[PDB]
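Colleague: Below is one structure. I have some questions about it.
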Protein chains: 2
Amino acid sequence: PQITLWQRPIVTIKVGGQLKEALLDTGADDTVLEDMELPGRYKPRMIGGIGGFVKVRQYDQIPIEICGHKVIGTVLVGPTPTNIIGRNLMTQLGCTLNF
Amino acid sequence: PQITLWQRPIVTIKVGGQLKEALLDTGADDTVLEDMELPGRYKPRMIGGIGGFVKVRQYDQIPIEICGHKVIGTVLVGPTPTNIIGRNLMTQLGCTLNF
Ligand SMILES: COc1ccc(S(=O)(=O)N(CC(C)C)C[C@@H](O)[C@H](Cc2ccccc2)NC(=O)O[C@H]2CO[C@H]3O[C@@H]4OCC[C@@H]4[C@H]32)cc1
């Protein structure tokens with residue numbers, strides 16, 4: 001894919017049979033998904049943004065398909081305004097920024 | 001250039017006569033800079049991120065050079081933890097996400 005930025009770079013993702021929308025986000029170190037149920041034991045964490053910090057549950061080794069491409073890695077779950085794919089997963093996609 | 005996402009995509013910018021480091025942020029609609037003065041009038045604006053909303057100052061049609069490219073547009077100034085370059089300016093560079 002080549003994704004221009006006139007619109008939000010929202011892609012379709014597949015999380016265990018659920019399809020969702022998520023923002024491809026180079027400004028995010030990590031992937032944060034809106035509150036949902038994931039497998040495994042989780043570490044509560046603090047994650048900070050524009051408007052301060054929110055608490056998230058960190059889950060490891062979560063299979064996600066982004067854009068038809070399979071990735072497996074860490075996903076943070078909490079009160080985010082939108083699902084965001086962070087660099088930890090965009091590197092698995094092999095995303096680069098180009099200009 | 002082709003920018004990798006192994007590291008934060010930080011670039012040097014020049015705005016208001018000042019050199020700054022900023023994060024190239026495809027998940028950011030708008031460009032948001034830590035508190036500084038600009039030689040233009042502004043209006044208040046509420047901008048919402050992962051922790052919620054913050055009040056910013058909105059300066060319109062602000063020239064910025066990014067990696068030696070001259071761009072112009074809206075710059076928001078306020079209590080952001082990091083300088084971020086949003087889509088409003090990256091579209092002017094011809095920035096695409098590629099994978
Ligand atoms: C270490 O792990 C992390 C740590 C932090 C974050 S983050 O979401 O807070 N963020 C980091 C940055 C502030 C240093 C990534 C950004 O891409 C967020 C991601 C984001 C998007 C939407 C909502 C909340 C967050 N964008 C954002 O806050 O943009 C603001 C400014 O312009 C508007 O575009 C967006 O779209 C409309 C509102 C926002 C506005 C993610 C993973």
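Chain labels run A, B, ... following the order of the structure tokens; each chain numbers its residues from 1, and ligands are numbered from 1 in the order shown.
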Within 7 Å of chain B, which residues belong to chain A? Use only C-alpha atoms and report them as a PyMOL selection string.

Modeller: chain A and resi 1-6+23-27+48-54+80-81+87+91+93-99

Colleague: DSSP on the backbone, then: every residue of region 50-99 of chain B marked alpha helix (DSSP H), written as JSON, numbers by chain.

Modeller: {"B": [87, 88, 89, 90, 91, 92, 93]}

Colleague: Could you pull out the strand (DSSP E or B) residues of chain B, going by DSSP on the backbone, and write them as number ranges by chain?

Modeller: B: 2-3, 10-15, 18-24, 31-33, 43-49, 52-66, 69-77, 84-85, 96-98

Colleague: Write out as a VMD selection string which residues come within 7 Å of region 60-70 of chain B when counting only C-alpha atoms, dropping same-chain ones fewer than 6 positions away.

Modeller: chain B and resid 11 to 15

Colleague: Env of residue 77 (chain A): 10 Å cut, atoms = only C-alpha atoms, seq-sep filter 2 positions within chain, self excluded. Answer as number ranges by chain.

Modeller: A: 31-38, 42, 44-45, 55-59, 74-75, 79-80, 83

Colleague: Could those selected residues go to a file with N, CA and C atoms, as a compact mmCIF listing (two decimals), in the first residue's frame?

Modeller:
# COMPACT_ATOMS: atom_id res chain seq x y z
N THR A 31 1.00 0.30 20.22
CA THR A 31 -0.33 0.13 19.66
C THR A 31 -1.33 0.16 20.82
N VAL A 32 -2.31 1.06 20.75
CA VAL A 32 -3.35 1.12 21.77
C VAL A 32 -4.70 0.87 21.12
N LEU A 33 -5.44 -0.08 21.67
CA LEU A 33 -6.75 -0.42 21.16
C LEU A 33 -7.80 -0.03 22.18
N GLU A 34 -8.99 0.36 21.71
CA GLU A 34 -10.08 0.72 22.61
C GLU A 34 -10.42 -0.49 23.48
N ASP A 35 -11.09 -0.26 24.60
CA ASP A 35 -11.33 -1.31 25.57
C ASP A 35 -11.97 -2.53 24.90
N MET A 36 -11.33 -3.68 25.10
CA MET A 36 -11.79 -4.96 24.56
C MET A 36 -11.10 -6.10 25.30
N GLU A 37 -11.55 -7.31 25.00
CA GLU A 37 -11.08 -8.51 25.66
C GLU A 37 -9.99 -9.20 24.86
N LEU A 38 -8.85 -9.39 25.50
CA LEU A 38 -7.72 -10.08 24.90
C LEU A 38 -7.27 -11.19 25.81
N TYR A 42 -1.88 -9.82 31.88
CA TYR A 42 -1.54 -8.46 31.46
C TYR A 42 -0.89 -7.66 32.57
N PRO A 44 -0.72 -3.98 34.09
CA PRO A 44 -1.28 -2.63 34.00
C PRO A 44 -0.15 -1.66 33.75
N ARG A 45 -0.38 -0.68 32.89
CA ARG A 45 0.62 0.35 32.63
C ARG A 45 -0.03 1.73 32.56
N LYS A 55 -4.63 4.86 31.80
CA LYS A 55 -4.17 3.57 32.21
C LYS A 55 -4.59 2.56 31.17
N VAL A 56 -3.71 1.60 30.92
CA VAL A 56 -3.90 0.61 29.88
C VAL A 56 -3.52 -0.77 30.43
N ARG A 57 -4.08 -1.81 29.82
CA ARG A 57 -3.64 -3.17 30.07
C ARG A 57 -2.74 -3.60 28.92
N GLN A 58 -1.50 -3.96 29.23
CA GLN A 58 -0.57 -4.43 28.21
C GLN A 58 -0.74 -5.93 27.97
N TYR A 59 -0.96 -6.32 26.73
CA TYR A 59 -1.04 -7.74 26.40
C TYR A 59 0.06 -8.11 25.42
N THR A 74 2.88 -6.68 20.85
CA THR A 74 2.27 -6.12 22.03
C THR A 74 1.15 -5.17 21.63
N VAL A 75 0.06 -5.26 22.38
CA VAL A 75 -1.09 -4.40 22.22
C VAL A 75 -1.46 -3.85 23.58
N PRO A 79 -8.71 3.34 27.52
CA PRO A 79 -9.60 4.43 27.09
C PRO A 79 -8.96 5.38 26.07
N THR A 80 -8.58 4.86 24.91
CA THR A 80 -8.08 5.70 23.84
C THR A 80 -9.28 6.19 23.01
N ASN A 83 -8.60 3.53 17.91
CA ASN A 83 -7.62 2.47 17.81
C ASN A 83 -6.43 3.03 17.07

Colleague: Which one of A:30, A:39, A:16, A:22 sits closest to ligand 1 if you count only C-alpha atoms and all ligand atoms?

Modeller: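 Between A:30, A:39, A:16, A:22, the residue approaching ligand 1 most closely is A:30.
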
Colleague: How far is it from CA of residue 40 (chain B) to CA of residue 17 (chain B), in Å with one decimal?

Modeller: 12.8 Å

Colleague: Take atom 6 (C, counted along the ligand's line) of ligand 1 and CA of residue 46 (chain B) and report the distance between them in Å, one decimal.

Modeller: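 Separating atom 6 (C, counted along the ligand's line) of ligand 1 from CA of residue 46 (chain B) is a distance of 17.9 Å.
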
Colleague: Do you have the atom 42 (C, counted along the ligand's line) of ligand 1-CA of residue 19 (chain B) distance handy?

Modeller: 25.5 Å
